[PDB]
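What follows is a single structure, written as structure tokens, with notes after it.
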Amino acid sequence: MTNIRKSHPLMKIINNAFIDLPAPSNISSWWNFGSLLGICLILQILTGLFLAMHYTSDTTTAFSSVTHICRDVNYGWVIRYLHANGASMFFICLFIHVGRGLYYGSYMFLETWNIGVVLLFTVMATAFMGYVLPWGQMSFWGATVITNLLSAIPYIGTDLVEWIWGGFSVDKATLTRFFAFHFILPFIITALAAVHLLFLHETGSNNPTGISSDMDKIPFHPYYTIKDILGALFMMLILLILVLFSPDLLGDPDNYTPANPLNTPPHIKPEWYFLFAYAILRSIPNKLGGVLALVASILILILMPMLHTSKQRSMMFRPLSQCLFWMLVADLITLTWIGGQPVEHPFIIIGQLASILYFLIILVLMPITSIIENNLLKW
Amino acid sequence: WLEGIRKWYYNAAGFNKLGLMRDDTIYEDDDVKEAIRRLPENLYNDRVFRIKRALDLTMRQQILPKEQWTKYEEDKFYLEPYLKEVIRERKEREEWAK
Amino acid sequence: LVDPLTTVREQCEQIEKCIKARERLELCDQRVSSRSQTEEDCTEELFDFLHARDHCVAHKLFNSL
Amino acid sequence: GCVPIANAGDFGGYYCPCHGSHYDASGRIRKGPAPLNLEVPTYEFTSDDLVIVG
Amino acid sequence: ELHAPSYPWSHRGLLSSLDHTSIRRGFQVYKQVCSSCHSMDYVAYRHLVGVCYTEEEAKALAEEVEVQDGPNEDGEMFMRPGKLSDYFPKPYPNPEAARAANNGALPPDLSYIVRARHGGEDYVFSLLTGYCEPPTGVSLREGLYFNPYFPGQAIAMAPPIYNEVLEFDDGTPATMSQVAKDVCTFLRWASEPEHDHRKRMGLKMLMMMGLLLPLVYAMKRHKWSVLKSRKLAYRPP
Amino acid sequence: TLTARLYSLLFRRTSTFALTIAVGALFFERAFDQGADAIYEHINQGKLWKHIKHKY
Amino acid sequence: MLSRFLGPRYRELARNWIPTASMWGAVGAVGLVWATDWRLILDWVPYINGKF
Amino acid sequence: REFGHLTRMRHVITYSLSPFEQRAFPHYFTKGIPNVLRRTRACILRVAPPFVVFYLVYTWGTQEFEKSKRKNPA
Ligand code: HEM
Ligand code: HEM
């Protein structure tokens with residue numbers, strides 16, 4: 001006789017995944033966000049399904065269908081705002097997870113780090129694409145701007161924007177193809193998340209100290225289930241606070257207007273989780289260089305495993321690196337704020353300077369600070 | 001002179017509070033795990049006890065009391081000779097490969 | 001039928017923010033009227049005069065309704 | 001938005017009556033509420049008798 | 001630009017709700033003031049019942065208007081009295097007709113007008129009570145009107161509401177400020193019908209969050225009690 | 001010690017534990033719904049279509 | 001890394017693998033031109049420019 | 001990578017207690033608050049200044065933009 005928990009194949013996989021998987025005891029709350037992301041994935045996908053059950057992707061019905069969901073459908077407004085604020089919370093958790101990975105040297109798990117970068121790319125694409133679906137003024141106009149950014153690509157680039165648009169500009173074909181891709185992509189995210197978990201489970205998670213915790217490992221089920229339950233409950237507390245008291249808080253009011261291609265909005269801006277890289281795009285004058293900087297602003301995460309030079313993996317014992325990391329976080333907040341604001345004086349200079357400081361901190365200040373760090377500790 | 005800055009940094013680092021020597025904090029790459037395997041029994045046992053105690057402390061978020069902190073002058077670089085030997089052997093192998 | 005808004009607005013006229021705003025507005029009025037062709041439009045100090053007045057009003061008016 | 005009526009707008013060319021924005025006859029705007037000039041498409045002048053707009 | 005103030009709306013409280021009597025009065029304002037030029041097609045007389053009118057009142061209100069719909073046996077579009085199924089009547093048949101009728105400008109759909117303008121009701125109210133005389137040095141083309149709150153400082157809408165512009169069914173004075181308040185709160189209800197429910201949605205959850213959080217956390221600490229009290233000893237030979 | 005007898009009579013068995021949860025869910029939903037709703041119209045008395053329908 | 005790849009036998013490996021990798025590059029270029037039907041290149045080649 | 005052969009350790013003695021015999025919140029406020037102040041003091045000097053400079057630059061940018069929108073007496 002043998003345990004069904006660790007002899008049945010599905011149950012054996014689940015057991016080795018999150019029942020009897022050894023875990024560091026000193027894991028802080030910063031790791032809970034990982035599970036939160038998974039929760040914020042499922043809570044998204046399910047809701048999306050219900051939205052897809054009352055959404056008719058067409059330039060003559062998209063806004064009307066969304067309105068019909070909001071008003072007429074029994075408890076449809078709650079699903080819609082749940083979806084929007086859940087995407088926002090998903091990006092909050094994603095950014096916090098990336099910050100944790102940077103802080104505690106979690107990028108030493110190279111395969112997991114690269115798979116996470118791919119997941120992050122896919123999530124940005126999914127959210128950008130999904131924001132088109134309500135077909136508001138902001139949706140259509142922002143989509144036009146972002147897709148037209150691909151015209152800067154040399155040679156083929158112009159043809160590409162005709163290919164993505166499904167024609168001469170963003171129209172019904174673009175809307176329906178965006179709907180289809182928005183449907184398919186989250187399942188690719190789920191598969192990539194499974195692969196990301198496999199890679200991490202091969203080596204095990206990293207404690208805040210950075211030292212290997214093989215000597216002190218605790219089973220996952222008795223402890224790190226209820227802790228993740230508490231984390232998910234707190235995330236739900238925040239998310240339903242947003243949905244039930246300030247539904248259209250982060251979303252721009254201009255979306256609640258039929259997409260009229262005869263009137264440019266006063267300011268065309270993406271989501272708050274998109275304004276930082278869009279501000280980076282704004283900063284560079286050259287169009288092609290702008291797109292290169294925009295893509296590099298996220299692709300630079302892959303370079304992080306190579307740029308690490310300090311002998312300590314984590315940052316608990318590197319105060320100078322901690323100050324640099326917080327300078328980077330403040331710089332990202334400045335990028336978001338600048339992206340919100342129009343490209344005028346002095347926002348132009350502030351955005352440019354913060355854009356340079358972003359790459360300068362990531363590529364230069366952190367490694368040089370790490371060299372000084374090693375020199376300061378006899379090694 | 002620089003040793004004052006070094007002592008200030010050691011105080012501001014944090015692993016002295018957790019009762020960790022310097023070599024307990026180094027990232028475990030291939031050279032480092034090989035050196036750890038190369039350690040003698042007594043040093044390895046003290047190292048693993050120190051690391052386990054530190055992980056306990058940061059799990060509870062209680063820094064170890066003031067008086068028995070690892071002093072600057074009492075910090076011994078036990079891993080350093082073994083790590084230097086490992087690095088030298090690896091460098092010699094790479095030179096032979098070239 | 002007099003309005004609550006007009007009397008609340010009149011009472012909100014006599015506070016020092018709106019006093020300085022009205023003086024600045026009158027100075028721009030005489031400046032622009034005196035000069036034959038000038039793009040200087042007294043819109044902006046008018047906007048500050050508003051911004052004082054409507055805030056003062058909004059603090060009180062809803063109780064009168 | 002809206003549509004500028006032609007043969008109006010002091011300068012002579014165009015006039016948008018929604019919020020009274022007069023336009024330069026050449027296609028630009030001399031001044032008015034409208035921020036920038038009227039958009040010009042990628043038209044082609046081949047065979048003037050039969051002119052195609054892209 | 002000059003943005004709106006922060007008027008203390010009765011529904012602006014964290015767990016407050018709109019005054020439904022004022023909803024009904026604002027809807028009367030919408031019917032007898034701006035329903036001749038503005039459309040609120042996204043809402044129907046069905047939404048009216050249960051929040052501002054009863055079933056019989058809604059039925060009478062619906063039959064008071066005439067809606068042309070359906071092809072008859074001969075195929076002609078016949079007009080019939082409106083019913084609860086019908087949405088709000090559209091004053092103009094097609095948008096181009098509306099623009100050509102007024103000045104070329106298009107009266108925006110009042111269904112989502114409050115949720116679309118930065119400032120909400122405080123904006124629209126400020127506009128309605130903000131009809132001013134153009135300042136010195138600003139010319140006015142005959143047909144436009146000056147409103148500081150409107151972006152562009154020139155609105156293409158004549159002053160809609162003023163004193164005694166209507167006669168409320170209840171009997172409250174029809175003064176301009178009261179009319180503006182009622183119509184603005186009605187437009188807030190129309191833009192976000194779930195508002196009241198959302199507030200009732202939140203309160204329970206809040207009390208629920210006052211009960212699950214201290215429990216689950218405690219349970220977590222209970223399950224952590226083994227580790228947090230764990231004591232170690234080193235006994236080398 | 002009320003908790004001791006409560007545990008010994010209705011908490012030791014997981015089956016009776018689940019019965020306690022399922023049965024108490026009925027009355028907790030009952031009482032919580034009523035209390036929260038009462039608080040809600042207490043804060044918003046006279047502004048709902050429940051305290052003014054008698055007028056119309 | 002930098003120095004560990006900078007050796008005599010490493011440049012020997014590079015010289016050995018230059019032909020195969022270089023003409024793998026030609027394989028890829030020809031495949032790209034083929035798949036995309038690149039008229040800029042395919043026009044010059046004979047018997048295929050007739051397809052245009 | 002599973003329980004049974006994770007690593008090697010000797011001469012380590014560890015004790016703990018049942019969750020049903022010890023308090024779940026042992027003086028949650030007696031040492032919890034001093035611990036919070038200690039950690040806050042440890043991290044404040046390295047956390048705050050990057051955020052305070054952001055606060056200053058945000059305020060300066062907003063005020064300068066407002067001033068630029070004002071007319072410049074011409
Ligand atoms: C990866 C998780 C997902 C993210 C981040 C995401 C993101 C978004 C966003 C930001 C919107 C626009 C919300 C708004 O209108 O303001 C949206 C709309 C939509 N999404 Fe998703 N989505 C996700 C998963 C899904 C899934 C799995 C489906 C299909 C089952 C789906 C279907 C829809 C539909 C139909 C809409 C249009 C309705 C609406 O806009 O409210 N979504 N999505
Ligand atoms: C689709 C969203 C994602 C999901 C569902 C996900 C899932 C998880 C989970 C559950 C963990 C374990 C808990 C934790 O360590 O936080 C984890 C760890 C990790 N993830 Fe992710 N992740 C996501 C996105 C990312 C991103 C964007 C990155 C960065 C590029 C990333 C890199 C990592 C790293 C480095 C770890 C290890 C952290 C450690 O061991 O301390 N993940 N991931």
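FYI, nothing fancy with the structure tokens labels: chains A, B, ... in order, residues from 1 per chain, ligands from 1 as they appear.
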Within 7 Å of ligand 2, counting only C-alpha atoms and all ligand atoms, residues as JSON, numbers by chain: {"A": [30, 31, 32, 33, 34, 35, 37, 38, 41, 94, 97, 98, 101, 104, 106, 107, 109, 112, 113, 114, 115, 116, 117, 119, 120, 189, 193, 196, 197, 200, 204, 205, 206, 207, 301]}
For the interface of chain A with ligand 1 (cut-off 6 Å, counting only C-alpha atoms and all ligand atoms), please tabulate each contacting residue of chain A alongside its nearest pair of atoms and their separation in Å to one decimal, rows sorted by chain and increasing number, as a Markdown table.
| residue | atom | partner | partner_atom_place_in_ligand_line | distance |
| --- | --- | --- | --- | --- |
| A:41 | CA | ligand 1 | 2 (C) | 5.6 |
| A:44 | CA | ligand 1 | 24 (C) | 5.2 |
| A:45 | CA | ligand 1 | 27 (C) | 3.7 |
| A:48 | CA | ligand 1 | 31 (C) | 3.6 |
| A:49 | CA | ligand 1 | 30 (C) | 3.4 |
| A:51 | CA | ligand 1 | 35 (C) | 4.6 |
| A:52 | CA | ligand 1 | 35 (C) | 3.9 |
| A:55 | CA | ligand 1 | 35 (C) | 5.7 |
| A:80 | CA | ligand 1 | 41 (O) | 4.9 |
| A:84 | CA | ligand 1 | 13 (C) | 4.3 |
| A:87 | CA | ligand 1 | 5 (C) | 4.4 |
| A:123 | CA | ligand 1 | 1 (C) | 5.9 |
| A:126 | CA | ligand 1 | 5 (C) | 5.8 |
| A:127 | CA | ligand 1 | 7 (C) | 4.3 |
| A:130 | CA | ligand 1 | 17 (C) | 4.0 |
| A:131 | CA | ligand 1 | 12 (C) | 3.9 |
| A:133 | CA | ligand 1 | 37 (C) | 4.9 |
| A:134 | CA | ligand 1 | 40 (O) | 4.5 |
| A:183 | CA | ligand 1 | 29 (C) | 4.4 |
| A:186 | CA | ligand 1 | 1 (C) | 4.5 |
Range 189-191 of chain E environment, 6 Å, only C-alpha atoms, sequence neighbours closer than 3 positions dropped, as a PyMOL selection string: chain E and resi 111-112+186
Taking only residues of chain E that have an atom at most 7 Å from an atom of chain H, what is each one's shortest atom pair and its distance in Å to one decimal, using only C-alpha atoms, in chain and number order, as a tab-separated table?
residue	atom	partner	partner_atom	distance
E:218	CA	H:24	CA	6.8
E:221	CA	H:24	CA	5.7
E:222	CA	H:24	CA	4.9
E:223	CA	H:19	CA	6.6
E:225	CA	H:19	CA	5.5
E:226	CA	H:17	CA	5.6
E:227	CA	H:16	CA	7.0
E:229	CA	H:16	CA	6.0
E:230	CA	H:16	CA	4.2
E:231	CA	H:15	CA	5.0
E:232	CA	H:14	CA	4.1
E:233	CA	H:13	CA	4.9
E:234	CA	H:12	CA	5.1
E:235	CA	H:11	CA	5.2
E:236	CA	H:11	CA	5.4
Spatial neighbours of range 146-156 of chain A, 7 Å, only C-alpha atoms, chain gap at least 5 places, as a list in words: residues 161, 287 and 288 of chain A
Quick one: residues within 10 Å of residue 46 in chain F, only C-alpha atoms, excluding same-chain residues fewer than 6 positions away - as a PDB file with N, CA, C and O atoms, in the first residue's frame?
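The resulting file, out-v4.pdb, is reproduced below:
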ATOM      1  N   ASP E  19     -30.353  60.685  -3.606  1.00  0.00           N
ATOM      2  CA  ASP E  19     -31.719  60.951  -3.160  1.00  0.00           C
ATOM      3  C   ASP E  19     -32.669  60.701  -4.322  1.00  0.00           C
ATOM      4  O   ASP E  19     -32.671  61.436  -5.311  1.00  0.00           O
ATOM      5  N   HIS E  20     -33.497  59.661  -4.200  1.00  0.00           N
ATOM      6  CA  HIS E  20     -34.319  59.227  -5.322  1.00  0.00           C
ATOM      7  C   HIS E  20     -35.431  60.212  -5.665  1.00  0.00           C
ATOM      8  O   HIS E  20     -35.845  60.275  -6.829  1.00  0.00           O
ATOM      9  N   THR E  21     -35.932  60.976  -4.693  1.00  0.00           N
ATOM     10  CA  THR E  21     -36.876  62.040  -5.024  1.00  0.00           C
ATOM     11  C   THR E  21     -36.229  63.061  -5.949  1.00  0.00           C
ATOM     12  O   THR E  21     -36.836  63.503  -6.936  1.00  0.00           O
TER      13      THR E  21
ATOM     14  N   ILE F  52     -39.887  56.248   0.597  1.00  0.00           N
ATOM     15  CA  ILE F  52     -40.650  57.300  -0.065  1.00  0.00           C
ATOM     16  C   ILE F  52     -41.726  56.762  -0.993  1.00  0.00           C
ATOM     17  O   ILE F  52     -42.532  57.556  -1.503  1.00  0.00           O
TER      18      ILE F  52
END
Atomic distance CA of residue 204 in chain E - CA of residue 36 in chain F, expressed in Å with one decimal: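 Here the two named atoms are 5.8 Å from each other.
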Contact residues (chain B, partner chain H, 8 Å, only C-alpha atoms) as a count of residues only: 4
DSSP-assigned helix (DSSP H, G or I) among range 7-40 of chain H, expressed as a ChimeraX atom specification: /H:32-40
Between CA of residue 102 in chain E and CA of residue 22 in chain D, distance in Å (one decimal): 18.5 Å
For residue 16 in chain D, please output as a short mmCIF file (atom, residue, chain, number, x, y, z; two decimals) with N, CA and C atoms, in the first residue's frame all residues within 7 Å (counting only C-alpha atoms; exclusion window: fewer than 2 positions along the same chain).
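What landed in result-v4.cif:
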data_model
loop_
_atom_site.label_atom_id
_atom_site.label_comp_id
_atom_site.auth_asym_id
_atom_site.auth_seq_id
_atom_site.Cartn_x
_atom_site.Cartn_y
_atom_site.Cartn_z
N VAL D 3 -17.92 69.45 -39.51
CA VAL D 3 -17.51 69.69 -40.89
C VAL D 3 -17.37 71.19 -41.10
N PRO D 4 -16.22 71.68 -41.54
CA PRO D 4 -16.11 73.11 -41.86
C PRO D 4 -16.84 73.44 -43.15
N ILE D 5 -17.78 74.37 -43.05
CA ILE D 5 -18.45 74.92 -44.23
C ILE D 5 -17.46 75.76 -45.01
N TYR D 14 -12.52 78.40 -44.99
CA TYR D 14 -13.32 77.44 -44.24
C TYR D 14 -13.73 78.02 -42.90
N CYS D 18 -19.23 74.93 -35.12
CA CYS D 18 -19.51 74.34 -33.81
C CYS D 18 -19.05 75.26 -32.70
N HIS D 19 -17.78 75.66 -32.74
CA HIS D 19 -17.21 76.63 -31.82
C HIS D 19 -16.46 77.73 -32.57
N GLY D 20 -16.94 78.06 -33.77
CA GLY D 20 -16.49 79.24 -34.49
C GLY D 20 -15.02 79.30 -34.84
N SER D 21 -14.48 78.24 -35.43
CA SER D 21 -13.07 78.21 -35.81
C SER D 21 -12.92 78.46 -37.31
N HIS D 22 -12.39 79.62 -37.66
CA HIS D 22 -12.09 79.96 -39.04
C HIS D 22 -10.74 79.40 -39.46
#
What are the closest atom pairs, with distances in Å to one decimal, for each residue of chain E lying within 10 Å of chain D, using only C-alpha atoms, rows by chain and rising residue number, as a Markdown table?
| residue | atom | partner | partner_atom | distance |
| --- | --- | --- | --- | --- |
| E:96 | CA | D:2 | CA | 9.4 |
| E:99 | CA | D:2 | CA | 8.2 |
| E:102 | CA | D:18 | CA | 9.1 |
| E:103 | CA | D:18 | CA | 6.1 |
| E:104 | CA | D:18 | CA | 5.4 |
| E:105 | CA | D:18 | CA | 4.6 |
| E:106 | CA | D:2 | CA | 8.1 |
| E:140 | CA | D:20 | CA | 8.9 |
| E:141 | CA | D:20 | CA | 6.8 |
| E:142 | CA | D:20 | CA | 9.3 |
| E:143 | CA | D:17 | CA | 8.8 |
| E:144 | CA | D:19 | CA | 6.8 |
| E:145 | CA | D:19 | CA | 9.2 |
| E:151 | CA | D:33 | CA | 9.8 |
| E:152 | CA | D:33 | CA | 6.5 |
| E:153 | CA | D:33 | CA | 9.0 |
| E:154 | CA | D:19 | CA | 6.3 |
| E:155 | CA | D:19 | CA | 6.7 |
| E:156 | CA | D:18 | CA | 6.2 |
| E:157 | CA | D:18 | CA | 9.7 |
Taking N, CA, C and O atoms for each residue, export the selection above as a CSV table (one decimal), in the first residue's frame.
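In the end it all went to again.csv:
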chain,number,residue,atom,x,y,z
E,96,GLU,N,-26.5,63.6,-38.0
E,96,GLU,CA,-26.3,64.7,-38.9
E,96,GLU,C,-27.5,65.7,-38.9
E,96,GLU,O,-27.3,66.9,-39.0
E,99,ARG,N,-26.9,67.9,-35.8
E,99,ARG,CA,-25.9,68.9,-36.0
E,99,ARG,C,-26.4,70.0,-36.9
E,99,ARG,O,-26.4,71.2,-36.6
E,102,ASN,N,-29.0,72.3,-34.9
E,102,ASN,CA,-28.6,73.2,-33.9
E,102,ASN,C,-27.6,74.3,-34.4
E,102,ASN,O,-28.0,75.4,-34.6
E,103,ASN,N,-26.3,73.9,-34.6
E,103,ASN,CA,-25.4,74.8,-35.3
E,103,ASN,C,-24.3,74.0,-36.1
E,103,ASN,O,-23.4,74.6,-36.6
E,104,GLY,N,-24.5,72.7,-36.2
E,104,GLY,CA,-23.4,71.9,-36.6
E,104,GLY,C,-22.7,71.1,-35.5
E,104,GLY,O,-22.1,70.1,-35.7
E,105,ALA,N,-23.0,71.6,-34.3
E,105,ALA,CA,-22.5,70.9,-33.1
E,105,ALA,C,-23.4,69.7,-32.7
E,105,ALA,O,-24.6,69.7,-33.0
E,106,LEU,N,-22.9,68.7,-32.1
E,106,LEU,CA,-23.6,67.5,-31.7
E,106,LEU,C,-23.8,67.5,-30.2
E,106,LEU,O,-22.9,67.4,-29.4
E,140,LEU,N,-17.3,87.4,-29.3
E,140,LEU,CA,-18.3,86.3,-29.3
E,140,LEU,C,-18.9,86.2,-30.7
E,140,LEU,O,-19.5,87.2,-31.1
E,141,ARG,N,-18.8,85.1,-31.4
E,141,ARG,CA,-19.6,85.0,-32.6
E,141,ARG,C,-21.0,84.7,-32.3
E,141,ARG,O,-21.3,83.8,-31.5
E,142,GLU,N,-21.9,85.3,-33.0
E,142,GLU,CA,-23.4,85.3,-32.7
E,142,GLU,C,-23.9,83.9,-33.0
E,142,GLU,O,-24.2,83.5,-34.1
E,143,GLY,N,-24.2,83.2,-31.9
E,143,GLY,CA,-24.7,81.9,-32.0
E,143,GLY,C,-24.0,81.0,-30.9
E,143,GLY,O,-24.6,80.0,-30.5
E,144,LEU,N,-22.9,81.4,-30.5
E,144,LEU,CA,-22.1,80.7,-29.4
E,144,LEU,C,-22.4,81.4,-28.1
E,144,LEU,O,-23.0,82.5,-28.0
E,145,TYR,N,-21.9,80.8,-27.0
E,145,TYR,CA,-22.1,81.3,-25.6
E,145,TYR,C,-20.9,81.0,-24.8
E,145,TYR,O,-20.2,80.0,-25.1
E,151,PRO,N,-14.1,73.4,-22.0
E,151,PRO,CA,-12.8,73.5,-22.7
E,151,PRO,C,-13.0,74.2,-24.0
E,151,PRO,O,-13.8,73.7,-24.9
E,152,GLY,N,-12.3,75.3,-24.3
E,152,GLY,CA,-12.5,76.1,-25.4
E,152,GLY,C,-13.2,77.4,-25.1
E,152,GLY,O,-13.3,78.3,-26.0
E,153,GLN,N,-13.7,77.6,-23.8
E,153,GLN,CA,-14.3,78.8,-23.4
E,153,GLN,C,-15.4,79.3,-24.3
E,153,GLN,O,-15.7,80.5,-24.3
E,154,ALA,N,-16.1,78.4,-25.0
E,154,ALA,CA,-17.1,78.8,-25.9
E,154,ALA,C,-18.0,77.6,-26.2
E,154,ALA,O,-17.6,76.6,-26.8
E,155,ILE,N,-19.2,77.6,-25.6
E,155,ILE,CA,-20.1,76.5,-25.8
E,155,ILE,C,-21.1,76.8,-26.9
E,155,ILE,O,-21.5,78.0,-27.1
E,156,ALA,N,-21.6,75.8,-27.6
E,156,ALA,CA,-22.6,76.0,-28.6
E,156,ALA,C,-24.0,75.7,-28.2
E,156,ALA,O,-24.8,75.3,-29.0
E,157,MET,N,-24.3,75.9,-26.9
E,157,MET,CA,-25.6,75.6,-26.3
E,157,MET,C,-26.1,76.8,-25.6
E,157,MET,O,-25.4,77.4,-24.8
Rows by chain and residue number, chain A within 9 Å of chain H, shortest pair, only C-alpha atoms, as a Markdown table:
| residue | atom | partner | partner_atom | distance |
| --- | --- | --- | --- | --- |
| A:16 | CA | H:2 | CA | 7.8 |
| A:20 | CA | H:2 | CA | 7.9 |
| A:21 | CA | H:2 | CA | 6.5 |
| A:22 | CA | H:2 | CA | 6.3 |
| A:201 | CA | H:1 | CA | 8.3 |
| A:202 | CA | H:1 | CA | 6.9 |
| A:203 | CA | H:1 | CA | 7.2 |
| A:204 | CA | H:1 | CA | 7.8 |
| A:214 | CA | H:6 | CA | 5.8 |
| A:215 | CA | H:7 | CA | 6.0 |
| A:217 | CA | H:3 | CA | 8.3 |
| A:218 | CA | H:3 | CA | 8.9 |
| A:219 | CA | H:3 | CA | 8.4 |
| A:319 | CA | H:46 | CA | 7.2 |
| A:320 | CA | H:46 | CA | 8.3 |
| A:322 | CA | H:46 | CA | 6.8 |
| A:323 | CA | H:46 | CA | 5.3 |
| A:324 | CA | H:50 | CA | 8.7 |
| A:326 | CA | H:50 | CA | 5.9 |
| A:327 | CA | H:50 | CA | 5.0 |
| A:328 | CA | H:50 | CA | 8.4 |
| A:329 | CA | H:50 | CA | 8.1 |
| A:330 | CA | H:51 | CA | 5.8 |
| A:331 | CA | H:54 | CA | 7.8 |
| A:333 | CA | H:54 | CA | 8.0 |
| A:334 | CA | H:54 | CA | 6.8 |
| A:337 | CA | H:58 | CA | 8.1 |
| A:344 | CA | H:65 | CA | 8.0 |
| A:345 | CA | H:65 | CA | 6.6 |
| A:346 | CA | H:61 | CA | 6.3 |
| A:347 | CA | H:61 | CA | 6.8 |
| A:350 | CA | H:61 | CA | 8.0 |
Who sits within 10 Å of range 42-50 of chain G, only C-alpha atoms, same chain under 5 positions skipped, as an MDAnalysis selection string: chainID G and resid 30 33:34 37
Check: which chain B residues lie within 9 Å of chain E using only C-alpha atoms, as a count of residues only: 8
Counting only C-alpha atoms, chain C residues within 12 Å of chain H, as a PyMOL selection string: chain C and resi 28+31+38-45+47-48
Interface residues on chain A facing chain E, 8 Å, only C-alpha atoms, written as a ChimeraX atom specification: /A:64,67,71,77,222-223,226-227,230,233-234,237,240-241,244-245,253-257
What are the closest atom pairs, with distances in Å to one decimal, for all residues of chain B lying within 9 Å of chain A? Consider only C-alpha atoms, order rows by chain and residue number, and present the result as CSV.
residue,atom,partner,partner_atom,distance
B:2,CA,A:376,CA,8.9
B:5,CA,A:376,CA,8.1
B:6,CA,A:376,CA,5.7
B:9,CA,A:376,CA,7.4
B:10,CA,A:377,CA,7.6
B:12,CA,A:319,CA,7.1
B:13,CA,A:317,CA,4.5
B:14,CA,A:317,CA,5.5
B:15,CA,A:317,CA,6.4
B:22,CA,A:377,CA,8.2
B:24,CA,A:211,CA,7.3
B:25,CA,A:211,CA,6.1
B:26,CA,A:312,CA,4.8
B:27,CA,A:312,CA,4.9
B:28,CA,A:211,CA,7.3
B:48,CA,A:215,CA,7.1
B:49,CA,A:215,CA,8.7
B:51,CA,A:211,CA,7.5
B:52,CA,A:216,CA,6.0
B:54,CA,A:209,CA,8.5
B:55,CA,A:26,CA,5.7
B:56,CA,A:26,CA,6.6
B:57,CA,A:26,CA,8.0
B:58,CA,A:26,CA,5.7
B:59,CA,A:26,CA,3.7
B:60,CA,A:26,CA,7.5
B:61,CA,A:26,CA,8.6
B:80,CA,A:379,CA,8.9
